[PDB]
């Protein structure tokens, strides 16, 4: 029941009465752990943005990172570092554009690399986690370019240098599977496998087509790199699962997050990060609500939980808030994170019972992106 502000008031008062001295200094953030959560605030397209580093267990802000225009956050699954690809201009939002990658120490939050990307190659878009991605070894950052044509930028984080742009087909997103390989989703309904090198045309192979042109795959699929599991909902809550663990695409049976009766009654997924995936539990979490078919970006008030193997529903949680994005911690007894862009508040739930445990408010102007590390 005692709040963090109350506990700290008590502590400060005891220090004063006991005459305890302390040196004003720059704090270190607590060591990265499973229940650390990052919240990014694209701030409804503002020229500058903020990331909030949060201890989900305490529901406390433990640090922040400044960003530019629509930056892409990444978090190393092992917890060794965080990075973003970001964009600034010499006169706030006008003038010379500089695109750059920064790598940060996860406890001091100090930048340890600042890597300029030549010719302003970043894709400026409402933030999609999988438009910038780390290789499993954490040595390479891959970023998407849309203009003048779809391309993937290769950034050597180890050597702290931009390497090259890769010409790709008409395809989107970046799901890395190895130090030299990633997958993309293509207009034609296939996945493209891109195996690349330092120079030379990459080896690009297309899987078979796995969905019709009129099934619409959401901009925020869940991807577990360690499981090689791509969880891709459509507008109707039908879920495509692709097993990439062999290094090649294996198409798993499709599952329906909502029942036929629910669909008949207007139930659809909706929000920003509509889907989460828990690796160890092999569970899928989906933001759903009753909605018109073209209100697919509005907040939802319910989360359905389902077995990835069988498609069997394990739970339907009533969230009690307008939730735009979900994600999970990847430990045992995980937390379900529920982010409200409207409330500017991260609601922290028990993923088993769906009960609201605590919350962190005042998270910028329009927070949308939750990231966690899979350290287990």
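We call the rigid core the largest set of C-alpha positions that still match within 1.5 Å between the two forms. Positions refer to the first chain, counted from 1.
Chemist: Could you check whether 143 to 151 or 194 to 202 drifts more from the shown form in 8 other deposited structures of this protein, using RMS Cα distance once the core is superposed?
Modeler: Of the two stretches, the larger average C-alpha offset in 8 other deposited structures of this protein falls on 194 to 202.
Chemist: Compare the mean C-alpha B-factor of 359 to 367 with that of 20 to 28 as given in the PDB entry, and name the stretch with the higher value.
Modeler: Of 20 to 28 and 359 to 367, the stretch with the higher C-alpha B-factor average is 20 to 28.
Chemist: Using the B-factors recorded in the PDB entry, average over the C-alpha atoms of 245 to 253 and of 89 to 97, then report which stretch comes out higher.
Modeler: Between 245 to 253 and 89 to 97, it is 245 to 253.
Chemist: For the listed 75, 222, 125, 261, which has the peak Cα B-factor recorded in the PDB entry?
Modeler: Of 75, 222, 125, 261, 261 has the highest C-alpha B-factor.
Chemist: If you compare 129, 269, 202, 150, which has the highest Cα B-factor in the entry?
Modeler: Spelled out: the listed residue with the top C-alpha B-factor is 202.
Chemist: Within this chain, which third does the Cα B-factor at residue 217 fall in: lowest, middle or highest?
Modeler: Its C-alpha B-factor, which the entry lists for residue 217, ranks in the lowest third among residues of this chain.
Chemist: Where does the C-alpha B-factor of residue 57 rank in its chain, lowest, middle or highest third?
Modeler: Its C-alpha B-factor belongs to the middle third of this chain's values.
Chemist: Ranked by Cα temperature factor within the chain, is residue 277 in the lowest third, the middle third or the highest third?
Modeler: Middle third by C-alpha B-factor.
Chemist: Residue 162's Cα B-factor: lowest, middle or highest third of the chain?
Modeler: CA B-factor rank for residue 162: highest third.
Chemist: How does the C-alpha B factor of residue 196 compare with the rest of the chain: lowest, middle or highest third?
Modeler: For residue 196, whose C-alpha B-factor we compare with every modelled residue in the chain, the answer is the highest third.
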